[PDB]
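Contents: one structure, followed by commentary.
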Amino acid sequence: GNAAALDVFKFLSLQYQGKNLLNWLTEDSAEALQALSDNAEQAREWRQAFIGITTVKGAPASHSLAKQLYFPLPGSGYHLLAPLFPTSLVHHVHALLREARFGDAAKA
RNA sequence: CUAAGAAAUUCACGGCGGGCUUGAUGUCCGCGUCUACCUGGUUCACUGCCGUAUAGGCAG
């Protein structure tokens, strides 16, 4: 996003990822009436942000500086392959640091 | 039909003054190297044999 992605990201991250349901399959799993149970007519005008908080745009696109390539199919024409940069895999391999290069158990 | 396809790093400059590395020392002691072979393979142009053109007396 922009340079304003430090606070709202940590605010949005914790509620969806990290729930604590492991113990029971029967007890306190059939609950649906433990809400606040308020009225629906009182908050009509200024609660306009329930639906637009998630829905970003789609439109699958590439760019003219985006590294596109042709790959020959067996006995046939081509598929145009547009590779992307793996952020998560480079981040996982950036745990080349603490366990291997100059973490504590390695330098010991 | 290629992580495709593109690209000017550049200008200038004082490294420098001085200096005690010393002193001493047991390398010794022993020893069986042997047998055989063809350089009879192409391993520098050493003063006294009348003329490239197809031509002329080599008791080397």
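All heavy atoms count here, side chains included; hydrogens, waters and symmetry mates do not. Order of the sequence lines fixes the chain letters, A, B, ..., with proteins taken first and strands second; residue numbering starts at 1 for each chain.
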Using the P atom in both, what is the distance from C49(B) to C58(B), to the nearest Å? 14 Å
key: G51(B) to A55(B) separation - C1' atoms, rounded to the nearest Å   = 11 Å
| If you measure from the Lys or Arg side-chain nitrogens to the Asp or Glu carboxylate oxygens, is any gap between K10(A) and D7(A) under 4.0 Å? | no
So NE2 of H94(A) and NE2 of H91(A): to nearest 0.5 Å the spacing works out to 9.0 Å
ask   = Is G23(B) stacked on its strand neighbour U22(B) by the under 5.5 Å, under 30° ring test?
value = yes
Judged by whether its glycosidic angle lies within 90° of 0, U21(B) is syn
Is there stacking between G17(B) and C16(B) - six-membered ring centres closer than 5.5 Å and planes within an angle under 30°? yes
chi for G51(B) classified (syn = within 90 degrees of 0, anti otherwise) as anti
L69(A) has its side chain closest, among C1(B), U2(B), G5(B), to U2(B)
Roughly how many Å apart are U52(B) and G56(B), using the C1' atom of each and rounding to a whole number? 16 Å
Shortest non-hydrogen pair, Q68(A) vs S62(A), comes out as NE2-OG, 2.7 Å
| On a whole-Å scale, what distance lies between the P atoms belonging to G17(B) and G26(B)? | 46 Å
Exercise. Quick one: label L80(A) by what it contacts on the DNA or RNA (base, sugar-phosphate, nothing), any heavy atom closer than 4.0 Å.
Key: nothing
Glycosidic torsion of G5(B) (syn if within 90° of 0, anti otherwise) classifies it as anti
Out of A6(B), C1(B), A3(B), minimum distance to the side chain of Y70(A) belongs to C1(B)
Check: In this structure, are over 12 heavy atoms from other groups packed under 6.0 Å from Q42(A) atom CD?
Finding: no
Inset, instruction - Would you indicate whether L6(A), at its atom CG, is surrounded by more than 12 heavy atoms from other residues, nucleotides or ligands within a distance under 6.0 Å? - result: no
- Between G5(B) and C1(B), how far is it from one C1' atom to the other, in whole Å? 11 Å
Next on the checklist: Given that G19(B) and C20(B) are neighbours in the strand, would their base rings pass a stacking test of centres under 5.5 angstrom and planes under 30 degrees?
Outcome noted: no
The nucleotide from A4(B), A6(B), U2(B) with an atom nearest the side chain of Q68(A) is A4(B)
Taking atom P in both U42(B) and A36(B), what distance in whole Å separates the two? 28 Å
